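Structure, as structure tokens:
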Amino acid sequence: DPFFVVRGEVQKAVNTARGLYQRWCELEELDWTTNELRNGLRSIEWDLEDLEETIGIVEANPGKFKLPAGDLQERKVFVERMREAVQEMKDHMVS
């Protein structure tokens, strides 16, 4: 399943979580939103872990994958951006 396909799915999930987060900040509805967001963030993180593992595999075996170096770097930046986006929301859910 190509990285670019997964990338689009992860971005959509982060955008959806941000929508929930904006609702949560505005605000039983609060309890439901808290749960939905916590679950949603955990789900995104599982997906990010998988992307990170694939980056590691591809970098370690360039003969097999032949992924251009620029493209590999853009994957790492994408994962870092998404991790940061998730962490911003997670910070506010603590406790």
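If you count by the deposited numbering, then the sequence shown holds residues 5 to 31, 41 to 108, one letter each, in order.
Even for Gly, the Cβ is constructed at its ideal location relative to N, Cα and C.
ask   = Do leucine 64 and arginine 22 have their C-beta atoms within less than 9 Å of each other?
value = No, the Cβ-Cβ distance between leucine 64 and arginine 22 is not below 9 Å.
Cα-Cα separation between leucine 85 and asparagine 19, rounded to whole angstroms = Near 23 Å, if we compare the C-alpha coordinates of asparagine 19 and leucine 85.
task = Consult DSSP for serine 56 and reduce its assignment to one of helix, strand or coil.
result = In this structure, DSSP gives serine 56 a helical state, which the three-state scheme calls helix.
ask   = In angstroms, rounded to a whole number, what distance separates the CA positions of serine 108 and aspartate 44?
value = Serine 108 and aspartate 44: Cα-Cα distance of roughly 14 Å.
request  = For the stretch 60–74 and the stretch 90–100, state whether three or more C-beta atom pairs, one from each stretch, are separated by less than 8 Å.
outcome  = Look at the beta carbons and you see the stretch 60–74 touching the stretch 90–100: at least three pairs across the two are nearer than 8 Å.
request  = Mind checking which residues open and close the alpha helix (DSSP H) that includes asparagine 19?
outcome  = Its alpha helix (DSSP H) spans residues 7–30.
ask   = If you drop the 5 nearest sequence neighbours on each side, which residues of the same chain put their C-beta closer than 8 Å to that of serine 56?
value = So the qualifying residues of the chain are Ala17.
message = Between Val14, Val9, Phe91, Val90, which has its C-alpha nearest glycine 53's C-alpha?
response = Of the candidates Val14, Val9, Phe91, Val90, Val14 places its Cα closest to the Cα of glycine 53.
inquiry  = When you compare the CB positions of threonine 47 and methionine 102, do they come within less than 9 Å of one another, or not?
reply    = Judged by their CB atoms, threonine 47 and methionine 102 are not nearer to each other than the 9 Å cut-off.
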